[PDB]
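[1] Below you'll find the sequence and an experimental structure to go with it.
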Amino acid sequence: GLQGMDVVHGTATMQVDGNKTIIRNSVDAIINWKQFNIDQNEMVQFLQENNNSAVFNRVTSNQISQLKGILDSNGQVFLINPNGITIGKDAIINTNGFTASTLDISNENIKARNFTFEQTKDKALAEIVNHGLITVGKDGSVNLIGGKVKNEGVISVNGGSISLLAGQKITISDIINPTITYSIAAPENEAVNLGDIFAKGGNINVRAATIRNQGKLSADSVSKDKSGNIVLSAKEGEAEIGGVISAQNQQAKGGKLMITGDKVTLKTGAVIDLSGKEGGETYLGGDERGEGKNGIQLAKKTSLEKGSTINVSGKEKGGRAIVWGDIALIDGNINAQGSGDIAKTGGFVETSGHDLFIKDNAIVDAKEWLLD
């Protein structure tokens with residue numbers, strides 16, 4: 001399904017052996033394509049000069065990328081396609097870093113390593129959908145950047161970062177372990193997780209106008225030396241949080257979870273699990289007393305629904321849960337228990353707003369529970 005190869009920076013050769021295509025590219029080569037498809041029984045390999053090498057691929061036609069077979073590389077693979085990118089249910093993308101973007105980035109910015117992506121005005125919003133397996137066995141990251149970003153399959157890395165970024169303009173500090181240094185999303189820019197995302201102690205970042213989680217976001221660790229960090233920002237819209245968000249570490253301290261946006265909802269049945277030997281830490285809807293320190297967004301409305309659970313407990317010592325909403329509705333369970341008696345080893349829970357409603361199903365188990 002690879003058509004119309006045109007190497008516009010660097011050098012790249014193509015070898016076809018049956019259902020397998022091997023592309024040998026120079027470090028940081030840029031290749032344009034009329035079509036970048038990988039059919040079900042096809043395999044594409046980017047054989048790079050070292051494991052830190054990247055290759056940049058751009059579809060310049062109207063052809064949506066249908067990735068149904070195997071895409072692999074010892075280095076990093078970047079795919080740009082403003083028509084959309086769809087990874088099929090039996091597809092495996094196995095690299096040391098995978099970036100798929102429906103937002104455009106110039107050759108000039110690639111060469112400068114200025115990773116600024118912007119929605120083209122000349123095409124409708126497009127989607128990145130993963131139905132298959134996107135996997136990194138080593139240290140690399142996965143970045144999915146688009147008009148809408150949807151995971152229905154599995155994305156799995158080994159201590160690196162996974163970022164689902166939907167917006168009109170997105171700048172990341174790097175393509176490995178990115179910090180989002182600039183982001184603007186329109187209401188139609190949504191990031192949706194129906195499948196499972198695993199970072200094994202690493203980072204998960206999700207940024208869109210609206211975020212919907214029905215599946216699992218996991219940065220669980222089984223190593224004492226590393227705990228995960230999960231950040232969701234639905235700045236222009238709602239963070240609708242169902243499913244499971246986990247960053248446990250039963251060998252040490254649980255990880256950190258921050259969920260902010262204009263509206264933050266933890267739905268009935270949803271579980272946040274940041275437990276460990278010592279409980280982890282979560283900020284939901286803003287910070288202590290709604291001060292807005294460190295530029296954190298204060299939600300206009302934060303609701304923890306009946307039958308939702310925040311677990312920041314520890315076998316030895318409870319963790320920390322900070323909840324803010326200009327209107328704040330607290331109706332779920334918040335467990336910040338430690339070992340024996342709570343007055344000694346329990347954690348710290350703050351739930352506040354300008355209008356605070358501690359509703360009748362609310363249960364908070366902590367050493368200290370603050371209402372301001």
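    Cool, the structure landed. Numbers count the residues shown, from 1 in each chain.
[2] Longest helix in this structure, by number of residues?
    If you go by DSSP state H, the chain has its longest helix at helix 107-112.
[3] what's the spacing between the next helix or strand after that helix and its chain's center?
    Going down the chain from helix 107-112, the next helix or strand is strand 116-118, by DSSP states H and E. Strand 116-118 sits 17 Å away from the centroid of its parent chain (Cα atoms, centre = their mean, to the nearest Å).
[4] Let's see the next helix or strand after strand 116-118 as PDB, backbone CA atoms only.
    Moving toward the C-terminus from strand 116-118, the next helix or strand (DSSP H and E) is strand 127-130. Only the C-alpha atoms of strand 127-130 are listed here, as PDB (Å, rounded to 0.1, in the frame of the first residue of the first chain):
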ATOM      1  CA  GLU A 127      -9.200  11.300  13.000                       C
ATOM      2  CA  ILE A 128      -6.500   9.000  14.400                       C
ATOM      3  CA  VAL A 129      -8.200   5.700  15.400                       C
ATOM      4  CA  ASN A 130      -6.300   2.800  16.900                       C
END
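[5] and strand 127-130, how far from the chain's centre?
    Relative to its parent chain, strand 127-130 has a centroid offset of 13 Å by Cα atoms, centre = their mean.
[6] Output the contacting helices and strands for that strand.
    Here strand 127-130 touches strand 85-87, strand 142-146, strand 148-151, going by 3 or more Cβ pairs under 8 Å, 6 or more residues apart in numbering; DSSP states H and E. Where you see a C-beta, it was placed from the backbone N, CA and C, and this is true even at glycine.
[7] deepest of these, which one?
    Ranked by mean neighbour count, the helices and strands packed on strand 127-130 are led by strand 142-146 with a mean of 27 (mean count of other Cβ atoms under 10 Å).
[8] from the chain's centre, how far out does it sit?
    Distance of strand 142-146 from its chain centroid, counting by Cα atoms, centre = their mean, is 8 Å.
[9] Could you do stretch 307-315 as well?
    Its chain's average C-alpha position is 22 Å from that of stretch 307-315, according to Cα atoms, centre = their mean.
[10] what do you get for stretch 95-112?
    From the chain centre to the centre of stretch 95-112 is a distance of 17 Å (Cα atoms, centre = their mean).
[11] buried ones in it?
    Neighbour counts over stretch 95-112 (16 or more other Cβ atoms under 10 Å) mark 95-105, 110 as buried.
[12] Could you dump the residues you listed into TSV with distance to residue 218 and secondary structure added?
    Shown next, in TSV, are the buried residues of stretch 95-112 (distance: Cβ to Cβ, whole Å; DSSP: H, G, I helix; E, B strand; the rest coil):
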residue	distance to residue 218	secondary structure
95	20	coil
96	21	coil
97	20	coil
98	18	strand
99	21	strand
100	21	strand
101	24	strand
102	26	coil
103	27	coil
104	32	strand
105	29	coil
110	32	helix
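[13] Could you export those residues as TSV, including distance to residue 277?
    Output for the buried residues of stretch 95-112, formatted as TSV (distance: Cβ to Cβ, whole Å):
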residue	distance to residue 277
95	34
96	32
97	32
98	34
99	36
100	37
101	39
102	42
103	41
104	46
105	43
110	44
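[14] Would you tell me which one of those comes nearest to residue 285?
    For these, the residue nearest residue 285 by Cβ to Cβ is residue 103; the value is 28.0 Å.
[15] The closest one: what's its closest spatial neighbour, skipping adjacent residues?
    Spatial nearest neighbour of residue 103, excluding adjacent residues (Cβ to Cβ, 6 or more residues apart in numbering): residue 117 at 3.8 Å.
[16] and the gap between the one you found and residue 184?
    Distance, residue 117 to residue 184, by Cβ to Cβ, to the nearest Å: 11 Å.
[17] Looking at these two, which is more packed in?
    Counted by other Cβ atoms under 10 Å, residue 117 and residue 184 do not tie: residue 117 has more neighbours, with 25 against 16.
[18] Quick check: bridge partners of that one?
    Beta-bridge pairing for residue 117 (DSSP bridges): residue 170.
[19] cool, and residue 162?
    Beta-bridge pairing for residue 162 (DSSP bridges): residue 142, residue 204.
[20] quick one: contacts for it?
    Residues counted as contacts of residue 162 (Cβ atoms under 8 Å, 6 or more residues apart in numbering) are 141-143, 155, 197, 199, 202-205.
[21] would you list those residues in a markdown table and tack on distance to residue 347?
    Output for those, formatted as a markdown table (distance: Cβ to Cβ, whole Å):
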| residue | distance to residue 347 |
| --- | --- |
| 141 | 31 |
| 142 | 32 |
| 143 | 34 |
| 155 | 31 |
| 197 | 26 |
| 199 | 24 |
| 202 | 24 |
| 203 | 23 |
| 204 | 23 |
| 205 | 25 |
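[22] For those, which entry has the maximal number of neighbours?
    Among the contacts of residue 162, residue 199 has the most neighbours (other Cβ under 10 Å), with 29 neighbours.
[23] what residues are up against that residue?
    157, 159-162, 218-219, 228.
[24] Quick one: closest of the helices and strands packed on strand 127-130 to residue 346.
    In terms of Cβ to Cβ, the element of the helices and strands packed on strand 127-130 nearest to residue 346 is strand 148-151, at 35.6 Å.
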